[PDB]
Amino acid sequence: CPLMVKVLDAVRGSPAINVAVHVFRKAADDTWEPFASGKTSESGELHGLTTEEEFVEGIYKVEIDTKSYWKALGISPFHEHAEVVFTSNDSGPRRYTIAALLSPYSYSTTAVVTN
Amino acid sequence: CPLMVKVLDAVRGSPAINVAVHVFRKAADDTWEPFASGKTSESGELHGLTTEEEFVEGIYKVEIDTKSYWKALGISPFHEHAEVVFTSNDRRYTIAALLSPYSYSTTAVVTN
Amino acid sequence: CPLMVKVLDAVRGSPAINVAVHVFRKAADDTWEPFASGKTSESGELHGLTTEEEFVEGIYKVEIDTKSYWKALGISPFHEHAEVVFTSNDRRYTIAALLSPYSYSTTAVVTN
Amino acid sequence: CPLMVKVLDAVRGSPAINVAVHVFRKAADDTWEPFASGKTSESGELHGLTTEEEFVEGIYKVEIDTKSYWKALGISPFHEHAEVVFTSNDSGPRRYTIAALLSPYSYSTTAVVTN
Ligand SMILES: Cc1ccc(C(=O)c2cc(O)c(O)c([N+](=O)[O-])c2)cc1
Ligand SMILES: Cc1ccc(C(=O)c2cc(O)c(O)c([N+](=O)[O-])c2)cc1
């Protein structure tokens, strides 16, 4: 799989488990169409979202349902979600890890792109 | 102004100057309607986007054009932009973003 | 003042108020000598730690007492403190720290 | 191993490879004594620093030589290093991952503590 999503919890110091993740691809009509989704595992990781065959160059959106996660922990959050929007680029083989570190009023995201 | 946006550059250790910022508000038909826009100043700050009267309850999206920023510095970054989406239930909101080519962070400082 | 420290709370979305900050400078014998200290204000900012004349070239450590901050809020955090160690080769330095119980970030904004 | 260190590069979007990492334990004389060290792998990870037998409750410092890393990339950095100082706590089994995300003028660190 060319795309992994990993979510961590900065309040509890733990993987963020059972977080819903939705991936969209930008369509020619310039709207976001759903592509793949899942929930993070006990390790905070979400594997198997797509395939090398399916994950062609394009503009993608990864939406992480952070609000439902904090609501389940009883902590008032600021953001409705975390979005990561990026253009994929075939240039040799590549794997993308989208990692997000969550706090109730802050999040960070980084992309680790490896061969 | 109840909303201010501050953008910093974690590569240069400087304010991120002249960054385009667009604010949208979700309408009754669930579409994103344009609300306000501007550019960050020499201090990295964008003041005066809206007023207390205009900034009613609702769901807002702040879109920071980080890609154009990095490309102007010769860097091809990962993200198309940095988004912040939030509900206002009411206060002053500062939306701060810290930028690197393959990472960004955003935090909200909400004071009264 | 050439050095200002700003501390924010990523759980509450607020400035981190009354946080203790200690600054050290490395001496010729490679020991850390105390240089200045203070507490963050209601804005999360600590101004006036030093002066242009006192803040000479050298290696500095800013130690932010994040543990006492979280414990006062009922949280047992991971880190004993947040450190920033840097060389001044000269300018205004803003050292900003964003705090969560098991994570912190720090950035330097260096302007002229 | 109860302690892992992982370092990522936010400029290149990659693991931070060959970064030196030094671990110290606070001694009774209240000075930092070296305990373990190594360099990050191609995955940005440093495994095998210590053992469950050796890693007793105490105050630890993890020092990451970020300055040498940025100097090797030709990018002027702000920090001399990144330090993570923490007290370990036996409370059921525990593994600590200390993760650091590096930029030339900024770094973040988080602890992922799992069973
Ligand atoms: C934005 C951000 C900053 C730090 C982390 C972070 O702590 C982390 C931890 C891991 O175990 C790990 O494998 C990765 N990774 O490979 O992306 C990141 C995660 C996200
Ligand atoms: C996500 C993140 C992390 C760190 C910063 C940050 O470093 C920062 C720096 C400032 O000078 C400053 O005035 C503020 N602020 O007002 O909140 C934040 C900004 C954003």
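Every number here is computed from the coordinates shown, using simple stated rules; none is lab data. Note: ideal-geometry Cβ built from the backbone for every residue, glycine included; neighbour counts use all protein chains shown.
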Shape of segment C:1-54 from its Cα gyration tensor (a ≥ b ≥ c, root eigenvalues): rounded if a/c is under 1.5, otherwise prolate when a/b > b/c, or oblate?
prolate
Dipole of chain C, Cα-centred, from +1 at each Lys and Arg C-beta and -1 at each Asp and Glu C-beta, to the nearest 20 debye?
460 debye
Please work out, to two decimal places, the log10 of the ratio I(q)/I(0) at q = 0.06, 0.10 Å⁻¹ from a Debye calculation in which every Cα of the protein assembly as shown carries one identical scatterer.
-0.24, -0.71
I'd like the distance separating the alpha-carbon centroids of segment B:48-112 and segment D:43-115, in whole Å.
29 Å
Under 1.5 on a/c is rounded, so check that first for chain B, then, if it is not, pick prolate when a/b is larger than b/c and oblate when it is not; a ≥ b ≥ c are the square roots of the alpha carbon gyration tensor eigenvalues.
prolate
Tell me which of C:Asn18, C:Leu3, C:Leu49 sits at the most positive position along the dipole axis of segment C:3-111, charges placed on C-beta atoms (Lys, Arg +1; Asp, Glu -1).
C:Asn18
With θ taken as phi - 60° and the coefficients 6.51, -1.76 and 1.60, list the Karplus ³J(HN,Hα) couplings across segment C:38-46 in order, rounded to whole Hz; mark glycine and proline as x.
x, 10, 5, 7, 4, 8, x, 9, 10
Run lengths n ≥ 4 of DSSP H only: what is the helix-derived mean residue ellipticity at 222 nm for the protein assembly as shown, with -39500 (n - 2.57) per run over all residues, to the nearest 500?
-1500 deg cm²/dmol
Compute the relative contact order of segment A:3-114 as a whole-number percentage, counting only Cα pairs closer than 8 Å that sit 6 or more residues apart in sequence.
29 percent
At a 10 Å Cβ-Cβ cut-off, how would you order D:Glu57, A:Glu54, fewest neighbours first?
D:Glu57, A:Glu54
Cross-link reach list, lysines versus D:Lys6, counting only Cα pairs under 18 Å and skipping chain neighbours closer than eight places:
A:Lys6, D:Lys39, D:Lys61, D:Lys67
I need the shape label for segment A:3-114. Rule: rounded when a/c is under 1.5, else prolate if a/b > b/c, else oblate, with a, b, c from the alpha carbon gyration tensor.
prolate
